[PDB]
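All heavy atoms count here, side chains included; hydrogens, waters and symmetry mates do not. Whatever order the structure lists ligands and atoms in, that order sets their numbers, starting from 1. One-based numbering along the sequence shown.
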Amino acid sequence: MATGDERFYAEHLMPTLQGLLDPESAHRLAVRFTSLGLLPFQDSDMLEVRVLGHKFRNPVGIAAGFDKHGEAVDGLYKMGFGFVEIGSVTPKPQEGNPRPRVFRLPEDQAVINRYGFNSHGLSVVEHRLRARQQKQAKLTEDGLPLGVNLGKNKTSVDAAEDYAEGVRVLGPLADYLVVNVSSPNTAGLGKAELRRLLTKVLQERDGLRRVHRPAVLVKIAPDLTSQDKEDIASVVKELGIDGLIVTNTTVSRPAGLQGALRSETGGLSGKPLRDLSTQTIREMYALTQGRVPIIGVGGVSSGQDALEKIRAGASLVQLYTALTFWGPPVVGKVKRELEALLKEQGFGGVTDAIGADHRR
Ligand SMILES: Cc1cc2nc3c(=O)[nH]c(=O)nc-3n(C[C@H](O)[C@H](O)[C@H](O)COP(=O)(O)O)c2cc1C
Ligand SMILES: O=C(O)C1=C(C(=O)Nc2ccc(-c3cccc(OC(F)(F)F)c3)cc2F)CCC1
Ligand SMILES: O=C(O)c1cc(=O)[nH]c(=O)[nH]1
């Protein structure tokens, strides 16, 4: 509760919280507590990584979705994350799908959600980030970068314009932007469309002043065909996209799911998604010749999970669902185990392990 013991949180606190509140209420309370610093490991130089034009104290970040409106950024750094990504944020505010829209699958250490981009909107997030803009400038310079994930409104008629608007409004406040076109919960959120979309996004980005010019990454699904991945890699290299976030939640339902809510509509996250994501990272790393930075996401809950994605090609990793089951202590746990594994496997540091599986 205030100490920081992994067993207490995993075995007592978290289980009790879930027994008292529904999943969405639990998340909202989580955001409140985090934003208030109500939280329970020292990063070694081994965990430091330099990519996307920035230094990262450690390669473990909080995935988009936990802090959709940028309300708990500072609390998240306090929790131990090497970098924070907020969003997705839509141009105009919107409520998202009706409740219930998030479901726990305890037996699978997984979650299914269909929020549908509930967002305070660009304007509100912009002011919220501006209020701590200088503080973030010092955090970034200190190895704690900030990412902003962009989405689009449900009733938007010009997808590309929605993202362009996001680039113009929040781009100046972020170290990196994410073009999220892999959410399974928005209408119909492709080589042709992607090229057109990203060309416009990059042009908008290049039009920003130097110190306010963020890297641009594309977040993709784990349900892509081989052709889709092949085309994405081609477009990425063609336009000079700075990086990829692999992956978002899956619309598939892997055989073996035990949770009673396994058939709810939405994207599945957690352990059942882990390896499908790692494999997607492996494939994208190869298709891009290891020249395009990858942020690996999907079922990371331990040092081994993180290292597998790093060895597969990820320069950084993110987690979300593991936090909902184990609580804040999982962050230090993952970092401590990653450090130990790097040593055991002969890597001088995280950097040396990036893509290691491909050079064996
Ligand atoms: C409740 C919930 C909400 C999410 N919202 C977003 C979002 O707004 N934008 C986004 O790009 N990803 C979103 N995600 C996906 C996560 O960022 C991540 O890609 C995915 O959950 C896999 O990681 P995990 O297995 O560690 O949770 C969300 C996930 C969950 C569980
Ligand atoms: O985060 C979520 O989106 C979801 C769930 C969840 O339980 N999330 C939580 C809850 C408390 C969390 C925290 C945060 C900060 C501190 C915590 O310890 C406390 F309560 F003692 F102060 C616990 C973190 C989460 F990610 C349930 C499924 C969806
Ligand atoms: O907001 C949602 O419903 C959502 C968006 C996204 O990108 N991924 C996800 O799992 N849910």
Side-chain angles (χ1 to χ4, degrees), residues 1-4 8-9 12-18 20-40 61-69 72 75-76 78-79 85-90 94 96-97 101-106 109-119 147 149-151 154 178-186 189 217-222 245-251 265-274 276-277 295-301 305-306 309 317-331 334:
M1 55 182 91
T3 300
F8 183 70
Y9 276 72
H12 298 156
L13 195 153
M14 298 307 284
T16 295
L17 175 63
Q18 302 318 321
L20 294 179
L21 302 171
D22 59 287
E24 181 161 356
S25 293
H27 168 255
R28 297 181 67 70
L29 185 58
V31 178
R32 295 198 179 80
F33 273 57
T34 302
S35 66
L36 296 180
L38 307 184
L39 319 174
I62 178 68
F66 179 73
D67 188 6
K68 284 174 176 286
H69 330 297
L76 289 164
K78 183 178 182 180
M79 201 174 280
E85 180 174 315
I86 65 168
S88 299
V89 191
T90 57
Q94 61 172 44
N97 292 314
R101 71 233 289 217
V102 62
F103 313 85
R104 306 168 195 139
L105 282 64
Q109 288 178 50
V111 166
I112 290 182
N113 86 82
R114 52 167 179 269
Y115 274 98
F117 282 167
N118 48 308
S119 173
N149 186 309
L150 303 171
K154 178 180 184 182
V178 186
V179 177
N180 182 22
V181 293
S182 51
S183 172
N185 308 310
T186 289
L189 193 75
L217 293 78
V218 177
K219 182 163 184 179
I220 66 178
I245 299 199
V246 195
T247 66
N248 207 312
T249 54
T250 183
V251 296
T265 284
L268 174 71
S269 59
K271 196 194 292 296
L273 170 68
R274 186 184 60 201
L276 175 59
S277 288
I295 297 185
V297 200
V300 173
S301 183
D305 298 339
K309 278 178 163 58
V317 301
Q318 300 178 314
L319 62 79
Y320 182 171
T321 303
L323 177 67
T324 77
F325 283 107
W326 313 140
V330 75
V331 182
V334 168

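- Distances between N or O atoms of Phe117 and those of ligand 1 include no value under 3.5 Å.
- What sits closest to atom 27 (O) of ligand 1 on the protein, heavy atoms only, is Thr321 OG1, 2.6 Å.
- Listed by number with element, the atoms of ligand 3 under 4.0 Å from a non-hydrogen atom of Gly116 are 1 (O), 2 (C), 3 (O).
- Of the candidates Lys219, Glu85, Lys68, the one placing a heavy atom closest to atom 12 (N) of ligand 1 is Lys219.
- One finds the CZ atom of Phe117 at 8.0 Å from the CG atom of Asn185 (value rounded to the nearest 0.5 Å).
- Nearest protein heavy-atom neighbour of atom 9 (N) of ligand 1: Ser88 OG, 2.9 Å.
- Considering backbone and side-chain atoms alike, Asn113 places an N or O below 3.5 Å from some N or O of ligand 3.
- Annotation: side chain of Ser269 is not in contact with side chain of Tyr320 (no heavy-atom distance under 4.5 Å).
- When heavy-atom distances to ligand 2 are checked against a 4.0 Å cut-off, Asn113 has no atom that comes that close, whether in backbone or side chain.
- For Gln18, the heavy-atom gap to ligand 2 drops under 4.0 angstrom.
- Of the protein's non-hydrogen atoms, the one nearest atom 10 (O) of ligand 3 is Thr249 OG1, 2.8 Å.
- Below 3.5 Å of separation, one finds no N or O of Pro184 facing any N or O of ligand 3.
- Every heavy atom of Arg101 sits 4.0 Å or more from the atoms of ligand 3.
- Taking both residues in full, the closest heavy atoms of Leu39 and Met79 are given as CD2-CE, 3.6 Å, listed atom of the first, atom of the second, then distance.
- Below 4.0 Å from some heavy atom of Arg114 lie the following atoms of ligand 3, by number and element: 3 (O).
- Note that the OG1 atom of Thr16 and the CE atom of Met1 stand 10.0 Å from one another [nearest 0.5 Å].
- By the 4.0 Å heavy-atom criterion, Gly87 is counted among the residues contacting ligand 1.
- Residue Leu319 has at least one heavy-atom neighbour below 4.0 Å for each of these atoms of ligand 1: 26 (O).
- Note on ligand 3: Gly65 sits outside its first shell, no heavy atom being nearer than 4.0 Å.
- When atom types are taken as modelled, the side chain of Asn180 and the backbone of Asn149 share no donor-acceptor pair closer than 3.5 angstrom.
- Within the listing of ligand 1, atoms 19 (O) sit less than 4.0 angstrom from a heavy atom of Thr247.
- Considering both main-chain and side-chain atoms, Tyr320 comes within under 3.5 Å of ligand 2 through a nitrogen or oxygen pair.
- The distance from the CG atom of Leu38 to the CZ atom of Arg32 is 12.0 Å, given to the nearest 0.5 Å.
- Rounded to the nearest 0.5 angstrom, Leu319 CG and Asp305 CG are separated by 9.5 Å.
- In this structure, atom 5 (C) of ligand 3 lies nearest to the protein heavy atom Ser183 OG, 3.0 Å.
- Looking at ligand 1, you'll find an N or O of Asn149 within less than 3.5 Å of one of its N or O atoms.
- What you find for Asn248 and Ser182 is that their closest heavy atoms are ND2-OG, 3.0 Å.
- Atoms CG and OH, from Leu323 and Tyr9 in turn, are 11.0 Å apart once rounded to the nearest 0.5 Å.
- Residue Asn180 touches ligand 1 through its side chain alone, judged by heavy-atom distances below 4.0 Å.
- Contact annotation: for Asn97 versus ligand 3, there are no heavy atoms closer than 4.0 Å.
- Below 4.0 Å from some heavy atom of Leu273 lie the following atoms of ligand 1, by number and element: 22 (C).
- Of the protein's heavy atoms, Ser269 CB, 3.4 Å lies nearest to atom 21 (O) of ligand 1.
- The shortest contact between atom 25 (C) of ligand 2 and any protein heavy atom is with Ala30 CB, 3.5 Å.
- Atoms of ligand 1 found under 4.0 Å from any heavy atom of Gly298, numbered from 1 in the order shown, are 22 (C), 23 (O), 25 (O).
- The shortest contact between atom 25 (O) of ligand 1 and any protein heavy atom is with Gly299 N, 2.7 Å.
- By the criterion of a heavy-atom distance under 4.0 Å, neither the backbone nor the side chain of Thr324 is placed next to ligand 1.
- At least one heavy atom of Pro328 sits less than 4.0 Å from an atom of ligand 2.
- With 3.5 Å as the limit, one finds a donor-acceptor pair spanning the side chains of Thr247 and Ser277.
- Looking at atom 6 (C) of ligand 2, its nearest protein heavy atom turns out to be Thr324 CB, 3.6 Å.
- Annotation: atom 14 (N) of ligand 1 to nearest protein heavy atom, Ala64 O, 3.3 Å.
- Looking at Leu17 against ligand 2, only its side chain comes within 4.0 Å, counting heavy atoms.
- Contact annotation: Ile245 has no heavy atom less than 4.0 Å from any atom of ligand 1.
- Listed by number with element, the atoms of ligand 1 under 4.0 angstrom from any heavy atom of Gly270 are 25 (O).
- Of the protein's heavy atoms, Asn248 OD1, 2.8 Å lies nearest to atom 8 (N) of ligand 3.
- Geometrically, ligand 3 and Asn180 share a nitrogen or oxygen pair separated by less than 3.5 Å.
- At a heavy-atom cutoff of 4.0 Å, ligand 1 is contacted by no atom of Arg274, backbone or side chain.
- Residue-level proximity to ligand 1 for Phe66 is absent, since no heavy atom of it falls below 4.0 angstrom.
- Of the N or O atoms in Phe117, one or more lie within a sub-3.5 Å distance of an N or O in ligand 3.
- When the heavy-atom distances from atom 14 (C) of ligand 2 to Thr3, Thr34, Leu36, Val330 are ranked, the shortest goes to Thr34.
- Looking at atom 15 (C) of ligand 1, its nearest protein heavy atom turns out to be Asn248 OD1, 3.7 Å.
- Closest protein heavy atom to atom 4 (C) of ligand 1: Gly65 CA, 3.5 Å.
- Of the heavy atoms in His27, none comes closer than 4.0 Å to ligand 1.
- Protein heavy atom nearest atom 26 (O) of ligand 1, with residue, atom name and distance: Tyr320 N, 2.9 Å.
- Counting the atoms of ligand 3 from 1 in the order shown, those under 4.0 Å from a heavy atom of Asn185 are 2 (C), 3 (O), 4 (C), 9 (C), 11 (N).
- Taken to the nearest 0.5 Å, the CG atom of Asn97 stands 10.0 Å off from the OG1 atom of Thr265.
- For atom 18 (O) of ligand 2, the nearest non-hydrogen atom of the protein is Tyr9 CE2, 3.2 Å.
- Nearest non-hydrogen protein atom to atom 27 (C) of ligand 2 is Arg104 NE, 3.7 Å.
- With distances taken over non-hydrogen atoms, the option nearest atom 20 (C) of ligand 1 out of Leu323, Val178, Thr249 is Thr249.
- Among all protein heavy atoms, the one lying closest to atom 21 (F) of ligand 2 is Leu13 CD1, 3.1 Å.
- Heavy atoms of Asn113 found under 4.0 angstrom from ligand 1 belong exclusively to the side chain.
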